[PDB]
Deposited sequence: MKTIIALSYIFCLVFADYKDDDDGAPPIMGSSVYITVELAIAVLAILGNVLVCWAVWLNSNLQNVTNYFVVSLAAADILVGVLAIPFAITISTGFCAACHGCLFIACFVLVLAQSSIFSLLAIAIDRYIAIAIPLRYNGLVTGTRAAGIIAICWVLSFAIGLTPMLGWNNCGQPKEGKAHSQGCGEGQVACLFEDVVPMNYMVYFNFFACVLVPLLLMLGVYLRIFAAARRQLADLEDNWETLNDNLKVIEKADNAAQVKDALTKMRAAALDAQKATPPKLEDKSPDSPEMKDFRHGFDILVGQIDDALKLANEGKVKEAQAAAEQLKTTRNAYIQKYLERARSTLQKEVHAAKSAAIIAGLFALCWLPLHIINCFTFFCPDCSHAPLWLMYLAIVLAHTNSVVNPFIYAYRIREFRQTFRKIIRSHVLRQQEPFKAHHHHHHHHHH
C-alpha cells in the first residue's frame, strides 16, 4: 500500500499529541506564574519538566515527523533532529529525580529543609541539568554515530547528494549508544534510583506515623499505670518515662502547641516531685490533671501532625505516579531497541509498532497536566480560574 496513507495516520496522531502537550503544559506554567502558593522549589522542577514537554510539541514531534520521511540531509544535521528528543527525555529524568530527592529531604529532615533547599539553588541545579541533558542527548554528534559508514545505496536510490544520507533514526544513531549509554546508564539507572528514593520516603512516613502513635499510647498507658499504682516508686517510674516521651514529642497555633507541652512537662514535674517525697495520692491526683492538657493541647498536636504526614504521603504518591508514567510510556521503545540490538536473528519490529511506540513516548508529554488536576487541589483550582477568565 502507499506509504503516504500509513504515514498520514502517524502524522495526524503526532500533531494531535503536540497540540495537547503544548496546551496542557502551558497551563501548568501559567498556574505557577500566577499563584504564589504554587511557587516553591518542588514546582520549579515541575515547571522545568513542563518546559521540556512544551518543547516536545513545538520541536521534537515536528522533528519526528521529519525523520519518518527519510528525506535526504547532511548526516550531522540529521543527527540533531534525531537526538533532540533524547535531550528532552534526559531533562525530564533529572527533573523527576530532583522532585523525588526534594520530597525525601522534606520528610526526612523537615527542620533543615527551608535552609537547605532554596530557590536560588534550585535554579542553578535546573540550569546544570539542562546543560548535562544536551551533553548526554547529543553525544552522538561528538563522534558516536554512523556518519562514517553511510548507506550509499539507499542514498542513491533517493537521489541524495554527496555528503547526504536518507535521514532515518536507526541509520544515523548507533544501537549500542541507545541500549548501553542512553537506556541502561542514562535512563534505567536514574529510574531505579528514583524507585529507591520513593521507597525511603514511604518508609520514613510510615515510621514517623507509627512513632507518633507509640508516644500517644505510652502517655495513656503510663497514666493508667499511675492510677492503679500502689507505691510512690511505681508512680515515679511511670512519670520518668512520660517526661522523656513528651520532651521527644516536643522535639518533633504553633505557639499554642508548645505552650501545651510546657504545661505537660511542668505538670509531670509537679507529680514527680510529690512521688520522690513519698506522697502517693497527691502524685496520683496531680497526674490526673494531665488528662485536661492531653485533651486540649496534645490531641490537637497529634491530629495535625498526622494530617501533615498524610499530605506528604499523598503528594509523594502523585509525584511517584508521574515518574512511573514516564517509565511506562518510554519503556516499550527502549525494549524494542534491546530486541533489535541483542537479537540479530529476530525480525525487526514492524513499522506500525515502531510508530505506536514512538507515539506512546510522546503521549507522556500530555499526561502530567491531568495528574496535577486530579491529585493536587491547588493546581485544579488555578486551572479553573485561568480557563474561566480566558
Absent from the model, numbered along the deposited sequence, are 1 to 24, 277 to 289, 428 to 447
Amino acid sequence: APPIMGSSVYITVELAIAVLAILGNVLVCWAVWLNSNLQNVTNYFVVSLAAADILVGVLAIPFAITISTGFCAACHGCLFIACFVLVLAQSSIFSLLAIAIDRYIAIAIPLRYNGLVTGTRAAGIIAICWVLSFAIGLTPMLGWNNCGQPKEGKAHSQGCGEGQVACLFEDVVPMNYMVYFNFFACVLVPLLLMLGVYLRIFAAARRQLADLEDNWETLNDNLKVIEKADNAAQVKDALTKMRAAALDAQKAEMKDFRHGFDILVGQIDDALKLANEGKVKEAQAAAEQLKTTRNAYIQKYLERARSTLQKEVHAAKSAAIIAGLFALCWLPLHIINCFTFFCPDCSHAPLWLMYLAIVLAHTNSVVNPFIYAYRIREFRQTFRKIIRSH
From here on, numbers count along this sequence of modelled residues.
Got a sec? Mean C-alpha B-factor, which is higher, 200 to 208 or 220 to 228?
220 to 228
Looking only at C-alpha temperature factors in the entry, 36 to 44 or 323 to 331, the higher average sits in 36 to 44
Note to self: of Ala166, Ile105, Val85, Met254, the C-alpha temperature factor tops out at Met254
Per the PDB entry, which option out of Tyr180, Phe261, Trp130, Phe71 has the greatest Cα B factor?
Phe261
Sort the modelled residues of this chain by their C-alpha B factor and say whether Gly278 lands in the lowest, middle or highest third.
highest
Among the modelled residues of its chain, the C-alpha B-factor of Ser92 falls in the third labelled lowest
With respect to C-alpha B-factor, does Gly115 fall in the lowest, middle or highest third of the chain as deposited?
highest
Which third, lowest, middle or highest, does the C-alpha temperature factor of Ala238 belong to within its own chain?
highest
With respect to C-alpha B-factor, does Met141 fall in the lowest, middle or highest third of the chain as deposited?
lowest
